[PDB]
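Take a look at the structure set out below.
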Amino acid sequence: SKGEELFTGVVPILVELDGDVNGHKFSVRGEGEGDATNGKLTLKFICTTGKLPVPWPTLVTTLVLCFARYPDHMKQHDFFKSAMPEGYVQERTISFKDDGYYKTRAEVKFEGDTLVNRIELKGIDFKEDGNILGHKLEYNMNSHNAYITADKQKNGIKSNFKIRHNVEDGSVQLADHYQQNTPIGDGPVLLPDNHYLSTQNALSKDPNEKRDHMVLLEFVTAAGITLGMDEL
């Protein structure tokens with residue numbers, strides 16, 4: 001598979017999200033670029049419908065793992081780029097402890113020269129003055145490692161991991177992610193050995209932006225697969 005060859009330079013990114021959480025509807029559009037050689041993403045997200053009714057951090061994981069940096073001696077475990085350009089479907093349920101849950105379905109694929117992430121999100125059973133609908137989460141994102149396993153019986157990968165959102169009162173809101181990815185096209189895809197992605201995020205604001213928005217810098221790097229015997 002020559003999908004990896006599509007990520008050797010800097011690749012423009014488009015993210016479009018339609019959301020509906022407890023009947024609060026919203027849209028987000030993001031634009032930026034990805035640099036898979038460094039595992040680097042830089043995007044600016046706009047809530048195009050006005051006010052985002054959930055905290056920006058709760059959408060970070062939903063708003064392009066094909067840009068993770070896989071070390072050379074792990075390239076054969078990079079499912080995400082192998083599925084390109086025909087792309088993959090990314091599906092999650094994100095269960096917020098003692099609160100509601102998101103269900104997401106995304107298509108990540110190339111459209112022209114641009115990597116596009118198109119997401120449908122439905123949120124259900126949230127408390128209107130909980131941490132999510134009540135906007136009680138701090139504007140940041142803790143670094144986290146997410147374990148990846150192959151899903152042979154689906155030709156894809158799966159992953160479950162916990163995100164820990166800092167609450168404004170010092171407590172922590174748990175967001176349990178269950179994720180599954182499957183290719184869109186029928187080409188050959190890499191089924192990795194078990195490994196993890198290591199992720200860091202920096203969230204900020206654009207001074208000259210009055211719209212509700214999030215400026216995001218993200219690094220994703222693959223790890224967890226051992227070495228030792230490499231002399232070609």
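Chain lettering (A, B, ...) mirrors the order of the structure tokens, residue numbering begins at 1 for each chain separately, and ligand numbering begins at 1 in order of display.
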
Distance query residue A:206 at most 9 Å, only C-alpha atoms, self and fewer than 6 positions along chain excluded, as a VMD selection string: chain A and resid 44 213 to 215

Residue A:112 surroundings by only C-alpha atoms, 12 Å radius, close-in-sequence under 2 positions cut, as number ranges by chain: A: 6, 11-14, 85-86, 109-110, 114-116

With a distance cut-off of 9 Å and only C-alpha atoms, select the neighbouring residues of stretch 136-147 of chain A, excluding the residue or stretch itself and same-chain residues fewer than 5 positions from it, and output the selection as a tab-separated table (two decimals) with N, CA, C and O atoms, in the first residue's frame.
chain	number	residue	atom	x	y	z
A	55	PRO	N	-18.46	21.88	25.91
A	55	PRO	CA	-17.12	22.46	26.02
A	55	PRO	C	-16.24	21.99	24.87
A	55	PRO	O	-16.31	20.83	24.45
A	56	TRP	N	-15.43	22.90	24.34
A	56	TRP	CA	-14.52	22.54	23.26
A	56	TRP	C	-13.68	21.30	23.56
A	56	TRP	O	-13.54	20.46	22.65
A	57	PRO	N	-13.11	21.11	24.76
A	57	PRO	CA	-12.29	19.90	24.97
A	57	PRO	C	-13.05	18.61	24.76
A	57	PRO	O	-12.41	17.60	24.42
A	58	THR	N	-14.37	18.57	24.98
A	58	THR	CA	-15.07	17.31	24.82
A	58	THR	C	-15.17	16.87	23.38
A	58	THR	O	-15.54	15.72	23.13
A	60	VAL	N	-12.38	17.34	21.17
A	60	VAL	CA	-11.04	17.23	20.58
A	60	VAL	C	-10.84	15.87	19.93
A	60	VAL	O	-10.44	15.77	18.76
A	129	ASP	N	-27.42	20.89	33.60
A	129	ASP	CA	-26.41	21.58	34.39
A	129	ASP	C	-25.33	20.61	34.89
A	129	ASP	O	-24.79	20.77	35.98
A	130	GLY	N	-25.02	19.60	34.08
A	130	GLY	CA	-23.85	18.79	34.31
A	130	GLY	C	-22.60	19.50	33.84
A	130	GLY	O	-22.60	20.68	33.49
A	131	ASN	N	-21.49	18.75	33.82
A	131	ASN	CA	-20.22	19.35	33.45
A	131	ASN	C	-20.16	19.70	31.97
A	131	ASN	O	-19.39	20.58	31.56
A	158	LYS	N	-9.38	-1.35	16.58
A	158	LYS	CA	-10.28	-0.90	17.63
A	158	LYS	C	-9.44	-0.36	18.79
A	158	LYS	O	-8.25	-0.66	18.91
A	159	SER	N	-10.08	0.43	19.63
A	159	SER	CA	-9.36	1.05	20.74
A	159	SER	C	-10.33	1.54	21.79
A	159	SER	O	-11.35	2.15	21.46
A	160	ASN	N	-10.07	1.28	23.06
A	160	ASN	CA	-10.82	1.93	24.12
A	160	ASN	C	-9.85	2.58	25.09
A	160	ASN	O	-8.83	1.98	25.47
A	161	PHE	N	-10.15	3.82	25.45
A	161	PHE	CA	-9.26	4.64	26.25
A	161	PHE	C	-10.09	5.64	27.02
A	161	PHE	O	-11.22	5.95	26.65
A	162	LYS	N	-9.51	6.15	28.09
A	162	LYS	CA	-10.17	7.09	28.96
A	162	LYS	C	-9.54	8.46	28.80
A	162	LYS	O	-8.31	8.59	28.81
A	163	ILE	N	-10.38	9.46	28.61
A	163	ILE	CA	-9.95	10.85	28.61
A	163	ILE	C	-10.37	11.42	29.95
A	163	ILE	O	-11.49	11.16	30.44
A	164	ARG	N	-9.50	12.22	30.55
A	164	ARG	CA	-9.76	12.83	31.85
A	164	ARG	C	-9.80	14.34	31.68
A	164	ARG	O	-8.76	14.98	31.50
A	165	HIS	N	-11.01	14.91	31.71
A	165	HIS	CA	-11.21	16.34	31.56
A	165	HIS	C	-11.16	16.99	32.94
A	165	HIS	O	-11.92	16.60	33.83
A	166	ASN	N	-10.29	17.97	33.11
A	166	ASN	CA	-10.26	18.76	34.33
A	166	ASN	C	-11.56	19.54	34.47
A	166	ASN	O	-11.96	20.25	33.55
A	167	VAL	N	-12.22	19.41	35.63
A	167	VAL	CA	-13.40	20.20	35.96
A	167	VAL	C	-12.92	21.47	36.65
A	167	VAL	O	-11.89	21.47	37.33
A	168	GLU	N	-13.69	22.55	36.48
A	168	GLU	CA	-13.32	23.85	37.04
A	168	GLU	C	-13.15	23.83	38.55
A	168	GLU	O	-12.48	24.71	39.10
A	169	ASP	N	-13.74	22.85	39.24
A	169	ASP	CA	-13.69	22.80	40.69
A	169	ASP	C	-12.56	21.92	41.21
A	169	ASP	O	-12.53	21.60	42.40
A	172	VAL	N	-12.42	15.82	38.21
A	172	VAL	CA	-12.04	15.31	36.90
A	172	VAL	C	-13.24	14.56	36.33
A	172	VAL	O	-13.82	13.71	37.00
A	173	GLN	N	-13.61	14.89	35.09
A	173	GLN	CA	-14.70	14.23	34.39
A	173	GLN	C	-14.11	13.17	33.47
A	173	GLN	O	-13.30	13.49	32.60
A	194	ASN	N	-0.46	-5.02	18.45
A	194	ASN	CA	-0.84	-4.16	19.56
A	194	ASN	C	0.20	-3.06	19.77
A	194	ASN	O	1.41	-3.33	19.75
A	195	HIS	N	-0.26	-1.83	19.95
A	195	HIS	CA	0.62	-0.69	20.22
A	195	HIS	C	-0.23	0.42	20.82
A	195	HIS	O	-1.41	0.21	21.14
A	196	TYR	N	0.35	1.61	21.00
A	196	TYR	CA	-0.44	2.75	21.46
A	196	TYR	C	-0.04	4.02	20.74
A	196	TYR	O	1.05	4.12	20.16
A	197	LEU	N	-0.95	4.99	20.75
A	197	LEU	CA	-0.66	6.33	20.26
A	197	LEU	C	-0.52	7.25	21.46
A	197	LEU	O	-1.28	7.14	22.43
A	198	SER	N	0.51	8.09	21.43
A	198	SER	CA	0.81	9.01	22.51
A	198	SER	C	0.46	10.41	22.02
A	198	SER	O	0.95	10.83	20.96
A	199	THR	N	-0.40	11.11	22.76
A	199	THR	CA	-0.99	12.34	22.26
A	199	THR	C	-0.83	13.46	23.27
A	199	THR	O	-1.03	13.27	24.47
A	200	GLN	N	-0.48	14.64	22.75
A	200	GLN	CA	-0.42	15.88	23.50
A	200	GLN	C	-1.19	16.94	22.71
A	200	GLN	O	-1.27	16.89	21.48
A	201	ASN	N	-1.78	17.88	23.44
A	201	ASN	CA	-2.65	18.89	22.85
A	201	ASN	C	-2.34	20.22	23.50
A	201	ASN	O	-2.13	20.28	24.72
A	202	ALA	N	-2.35	21.29	22.71
A	202	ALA	CA	-2.31	22.64	23.24
A	202	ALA	C	-3.47	23.42	22.63
A	202	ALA	O	-3.55	23.56	21.40
A	203	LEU	N	-4.38	23.89	23.48
A	203	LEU	CA	-5.56	24.63	23.07
A	203	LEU	C	-5.34	26.11	23.33
A	203	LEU	O	-4.77	26.49	24.36
A	204	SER	N	-5.78	26.96	22.41
A	204	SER	CA	-5.58	28.39	22.60
A	204	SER	C	-6.71	29.12	21.89
A	204	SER	O	-7.63	28.50	21.36
A	224	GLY	N	5.12	1.54	21.60
A	224	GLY	CA	4.71	0.29	22.22
A	224	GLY	C	5.20	-0.98	21.54
A	224	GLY	O	5.01	-2.06	22.10

Neighbour list for residue A:50 as a list in words, cut-off 12 Å, only C-alpha atoms, skip fewer than 3 positions in-chain: residues 24, 25, 26, 27, 28, 29, 46, 47, 53, 54, 210, 211, 212 and 213 of chain A

Give me a file of those residues, with N, CA and C atoms, as a PDB file, in the first residue's frame.
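This went into out-v1.pdb:
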ATOM      1  N   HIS A  24     -29.729  20.181  21.417  1.00  0.00           N
ATOM      2  CA  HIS A  24     -28.939  21.346  21.059  1.00  0.00           C
ATOM      3  C   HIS A  24     -28.103  20.987  19.842  1.00  0.00           C
ATOM      4  N   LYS A  25     -28.431  21.588  18.700  1.00  0.00           N
ATOM      5  CA  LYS A  25     -27.732  21.356  17.445  1.00  0.00           C
ATOM      6  C   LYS A  25     -26.609  22.372  17.273  1.00  0.00           C
ATOM      7  N   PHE A  26     -25.542  21.960  16.583  1.00  0.00           N
ATOM      8  CA  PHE A  26     -24.421  22.841  16.293  1.00  0.00           C
ATOM      9  C   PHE A  26     -23.635  22.300  15.113  1.00  0.00           C
ATOM     10  N   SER A  27     -22.863  23.184  14.502  1.00  0.00           N
ATOM     11  CA  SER A  27     -21.919  22.799  13.465  1.00  0.00           C
ATOM     12  C   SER A  27     -20.556  23.378  13.807  1.00  0.00           C
ATOM     13  N   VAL A  28     -19.499  22.643  13.445  1.00  0.00           N
ATOM     14  CA  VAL A  28     -18.125  23.117  13.580  1.00  0.00           C
ATOM     15  C   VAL A  28     -17.420  22.900  12.257  1.00  0.00           C
ATOM     16  N   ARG A  29     -16.635  23.883  11.839  1.00  0.00           N
ATOM     17  CA  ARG A  29     -15.769  23.739  10.684  1.00  0.00           C
ATOM     18  C   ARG A  29     -14.344  24.035  11.127  1.00  0.00           C
ATOM     19  N   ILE A  46     -14.121  26.641  14.091  1.00  0.00           N
ATOM     20  CA  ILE A  46     -15.175  27.634  14.289  1.00  0.00           C
ATOM     21  C   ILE A  46     -16.476  26.892  14.555  1.00  0.00           C
ATOM     22  N   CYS A  47     -17.217  27.315  15.582  1.00  0.00           N
ATOM     23  CA  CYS A  47     -18.614  26.917  15.696  1.00  0.00           C
ATOM     24  C   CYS A  47     -19.406  27.833  14.775  1.00  0.00           C
ATOM     25  N   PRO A  53     -22.594  24.465  22.339  1.00  0.00           N
ATOM     26  CA  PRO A  53     -23.336  24.122  23.564  1.00  0.00           C
ATOM     27  C   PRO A  53     -22.662  23.078  24.435  1.00  0.00           C
ATOM     28  N   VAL A  54     -21.473  22.633  24.057  1.00  0.00           N
ATOM     29  CA  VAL A  54     -20.669  21.721  24.867  1.00  0.00           C
ATOM     30  C   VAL A  54     -19.281  22.336  24.970  1.00  0.00           C
ATOM     31  N   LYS A 210     -13.932  36.791  16.975  1.00  0.00           N
ATOM     32  CA  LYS A 210     -15.074  36.945  17.863  1.00  0.00           C
ATOM     33  C   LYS A 210     -15.987  35.730  17.851  1.00  0.00           C
ATOM     34  N   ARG A 211     -15.912  34.897  16.819  1.00  0.00           N
ATOM     35  CA  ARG A 211     -16.721  33.689  16.802  1.00  0.00           C
ATOM     36  C   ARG A 211     -16.202  32.703  17.847  1.00  0.00           C
ATOM     37  N   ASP A 212     -17.103  31.853  18.340  1.00  0.00           N
ATOM     38  CA  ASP A 212     -16.707  30.775  19.244  1.00  0.00           C
ATOM     39  C   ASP A 212     -15.783  29.818  18.488  1.00  0.00           C
ATOM     40  N   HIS A 213     -14.614  29.525  19.060  1.00  0.00           N
ATOM     41  CA  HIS A 213     -13.603  28.861  18.249  1.00  0.00           C
ATOM     42  C   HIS A 213     -12.596  28.147  19.144  1.00  0.00           C
TER      43      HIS A 213
END
